[PDB]
Amino acid sequence: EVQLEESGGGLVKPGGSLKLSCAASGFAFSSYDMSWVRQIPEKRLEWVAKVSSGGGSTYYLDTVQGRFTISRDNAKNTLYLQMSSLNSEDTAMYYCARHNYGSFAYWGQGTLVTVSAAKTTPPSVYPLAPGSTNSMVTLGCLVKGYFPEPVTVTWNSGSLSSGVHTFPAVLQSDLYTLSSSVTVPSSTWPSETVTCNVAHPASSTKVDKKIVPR
Amino acid sequence: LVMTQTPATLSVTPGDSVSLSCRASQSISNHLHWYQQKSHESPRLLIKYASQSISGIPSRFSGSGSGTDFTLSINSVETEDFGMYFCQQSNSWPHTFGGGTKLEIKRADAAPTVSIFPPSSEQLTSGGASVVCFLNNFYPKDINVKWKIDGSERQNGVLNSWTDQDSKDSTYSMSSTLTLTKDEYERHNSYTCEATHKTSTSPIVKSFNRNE
């Protein structure tokens with residue numbers, strides 16, 4: 001079964017360069033044309049570049065011409081996208097995709113590329129505990145001032161899965177903020193501990209925050 | 001070469017049928033493919049070459065058209081069909097996609113569960129103050145959230161975020177955060193979160209008093 005795994009995404013300063021990689025398995029890599037398709041914050045898809053099965057014929061979106069280079073290593077089952085002279089318009093989720101002639105039949109999971117002058121900053125994690133009586137209680141944590149996206153939120157290290165709501169990040173002045181809520185039985189809190197776990201890969205940070213009564 | 005997709009948004013009750021329109025500026029023969037995109041997931045090929053469906057895709061999905069006009073019809077929409085749909089052209093360079101269509105599942109009206117949170121002593125230490133409001137498991141998506149400080153309505157430093165439609169119960173949740181300086185937070189007593197929603201004539205109010 002087809003597997004596509006892109007990597008190399010991250011924060012790059014404008015006018016900078018970045019190399020994206022896409023590992024492929026479960027198919028004859030060299031017998032298929034590969035593409036890079038990016039999803040912009042607007043949610044719009046934009047085809048970026050295509051490389052032929054043998055790597056002889058390369059095609060690029062005009063706005064990306066001369067700045068990007070799509071290449072492939074058939075022996076290494078890896079696809080590449082070397083990017084340079086990056087601009088704000090190049091900020092997107094980058095997907096590598098296997099063709100079925102004109103269609104993109106199989107897609108990867110996606111690698112985020114942030115093009116900004118803003119620096120990497122770890123989140124500050126705040127507990128959201130109710131002010132000083134129902135069958136359920138709602139807790140949460142506020143993940144404030146981070147850059148770039150993404151962050152991950154679990155409750156009790158993955159153990160608490162039901163009643164969990166993780167809200168999309170909102171970008172306010174080069175910093176993201178997100179919140180996550182959990183609804184647990186009233187009888188179990190604070191009797192049993194509820195902790196929110198925050199992972200920010202860009203700054204290699206992880207925060208565990210206990211939610212204590214006010 | 002421009003691909004124009006309509007409608008942009010679609011609201012479908014389960015059992016009901018819909019169709020998406022994809023329009024090409026110039027004839028693209030049958031070189032038009034259709035995709036589906038669920039939340040936190042990558043696009044997936046639904047129909048290739050205007051009408052050829054893909055192995056594993058429900059028969060309810062039927063692509064049609066040639067030249068400049070193409071359709072994607074879905075018979076008896078299921079809860080699982082929610083998400084984003086895109087047509088793509090492979091006739092000429094660069095390959096283009098349509099603007100997309102957001103397909104939403106209609107369901108029973110659900111009132112939100114509103115919870116108010118005051119600022120934590122850890123944020124107050126850093127000289128900041130966020131008042132957080134969660135509005136979970138409601139339908140329809142349209143909801144009006146207002147913040148009142150000592151009775152006066154406030155929008156500066158308010159930020160909202162809606163989740164995408166829930167896969168299991170087709171409801172929505174939303175988070176509203178009112179951020180102010182610590183010093184300003186200490187100048188006021190009552191902090192309220194007000195939600196106007198179609199499930200009640202009167203808004204849902206959640207209050208916190210800094211003095212209590």
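Lettering of chains follows the sequences in order, A, B, ..., and the numbering in each one begins at 1.
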Problem set entry | Pairs of heavy atoms under 4.5 Å with chain A: top-ranked of B:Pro94, B:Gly100, B:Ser90, B:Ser120 | B:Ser120
Problem set entry | Segment of B:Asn160 engaging chain A (4.5 angstrom heavy-atom cut-off) | backbone
Exercise. Heavy-atom count around B:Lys141 NZ within 6.0 Å, excluding the residue itself: above 12?
Worked result: yes
Problem set entry | Exceeds 12 heavy-atom contacts within 6.0 angstrom, atom CZ of B:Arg187 | no
Exercise. Checking side chain to side chain contact (heavy atoms under 4.5 Å, CB included) for the pair A:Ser103/B:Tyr35: CA distance, chi angles, key distance, verdict?
Worked result: CA-CA 9 Å; A:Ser103 76; B:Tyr35 302 88; 3.8 Å; yes
For this session: Below 4.5 Å from any heavy atom of chain B, which atoms of A:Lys144 appear? Answer side chain, backbone, both or neither.
Result: side chain
Exercise. How many angstroms lie between OG1 in B:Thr163 and NE2 in A:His165, if you round to the nearest 0.5 Å?
Worked result: 6.5 Å
For this session: Check whether A:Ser173 gets within reach of chain B through its side chain, its backbone, both or neither, counting any heavy atom under 4.5 Å.
Result: neither
Problem set entry | Segment of A:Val37 engaging chain B (4.5 angstrom heavy-atom cut-off) | side chain
Exercise. Quick one: what part of B:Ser175 sits under 4.5 Å from any heavy atom of chain A, side chain, backbone, both or neither?
Worked result: both
Problem set entry | Residues A:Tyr59, B:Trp93; criterion ring-ring contact (aromatic ring centres under 6.0 Å, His included); working and verdict | CA-CA 8 Å; A:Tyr59 319 78; B:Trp93 302 84; 4.5 Å; yes
For this session: Below 4.5 Å from any heavy atom of chain B, which atoms of A:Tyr101 appear? Answer side chain, backbone, both or neither.
Result: both
Exercise. Given a strict heavy-atom distance threshold of 4.5 Å, which part of A:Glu42 is in contact with chain B: side chain, backbone, both, or neither?
Worked result: neither
Exercise. Does any N or O in the side chain of B:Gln88 come within less than 3.5 Å of the main-chain N or O of A:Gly102, such that one atom is a donor and the other an acceptor?
Worked result: yes
Exercise. What part of B:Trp162 is in contact with chain A, defined as an atom under 4.5 angstrom from a non-hydrogen atom: side chain, backbone, both or neither?
Worked result: backbone
For this session: Assess the side chains of B:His33 and A:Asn100: does a donor N or O sit below 3.5 Å from an acceptor N or O?
Result: no
Exercise. Taking all non-hydrogen atoms of both residues, which atom of B:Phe86 and which atom of A:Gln39 are closest, and how far apart?
Worked result: CZ-NE2, 4.4 Å
Seminar exercise, completed: In short, B:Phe134 meets A:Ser179 closest at the heavy-atom pair CE2-OG, 3.4 Å
Exercise. So what's closer than 4.5 Å to chain B heavy atoms on A:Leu128: side chain, backbone, both or neither?
Worked result: both
For this session: Tell me, for B:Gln123 versus chain A, whether the close heavy atoms (under 4.5 Å) come from the side chain, the backbone, both or neither.
Result: both
Problem set entry | Heavy-atom pairs under 4.5 Å with chain B, option from A:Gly110, A:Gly131, A:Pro127 with the top count | A:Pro127
Exercise. For B:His95, is it the side chain, the backbone, both or neither that has a heavy atom under 4.5 Å from a heavy atom of chain A?
Worked result: both
Exercise. Is there a donor-acceptor pair under 3.5 Å between the side chain of B:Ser161 and the backbone N or O of A:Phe167?
Worked result: no
Exercise. When rounded to the nearest 0.5 angstrom, what distance separates CD in A:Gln109 from CD in B:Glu41?
Worked result: 7.5 Å
Problem set entry | Minimum heavy-atom distance between B:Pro119 and A:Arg214, given as atom pair plus value | O-NH1, 2.9 Å
Problem set entry | Per-residue contact mode, A:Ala129 against chain B (heavy atom under 4.5 angstrom) | backbone
Exercise. Contact part of A:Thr166 toward chain B, heavy-atom cut-off under 4.5 Å: side chain, backbone, both or neither?
Worked result: backbone
Exercise. Are more than 12 heavy atoms from other residues, nucleotides or ligands located less than 6.0 Å from atom CD of B:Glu80?
Worked result: no
Exercise. Checking B:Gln37 against chain A: side chain, backbone, both or neither under 4.5 Å from a heavy atom?
Worked result: side chain
For this session: Just do the side chain to side chain contact (heavy atoms under 4.5 Å, CB included) check on B:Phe117 and A:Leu142 with the steps written out, would you?
Result: CA-CA 10 Å; B:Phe117 307 95; A:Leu142 179 67; over 6 Å; no
For this session: With a 4.5 angstrom heavy-atom cut-off, could you sort out which part of B:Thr113 is near chain A: side chain, backbone, both or neither?
Result: neither
For this session: Go through the atoms of A:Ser181 and report whether side chain, backbone, both or neither lie under 4.5 Å from a heavy atom of chain B.
Result: both
Seminar exercise, completed: Minimal heavy-atom distance between B:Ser42 and A:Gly108, with the atoms involved, is OG-O, 2.8 Å
For this session: Answer with side chain, backbone, both or neither: which region of A:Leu178 has an atom nearer than 4.5 Å to a non-hydrogen atom of chain B?
Result: neither
For this session: Count the heavy atoms belonging to other residues, nucleotides or ligands that lie under 6.0 Å from CZ of B:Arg107, then report whether that count exceeds 12.
Result: yes
Problem set entry | chain B contacts, top residue of A:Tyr60, A:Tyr126, A:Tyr106 (heavy-atom pairs, under 4.5 Å) | A:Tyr126
For this session: Give, as side chain, backbone, both or neither, the part of A:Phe104 having an atom under 4.5 angstrom from any heavy atom of chain B.
Result: both
Exercise. Given that the side chain runs from C-beta out, which part of B:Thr96 has a heavy atom under 4.5 Å from chain A: side chain, backbone, both or neither?
Worked result: neither
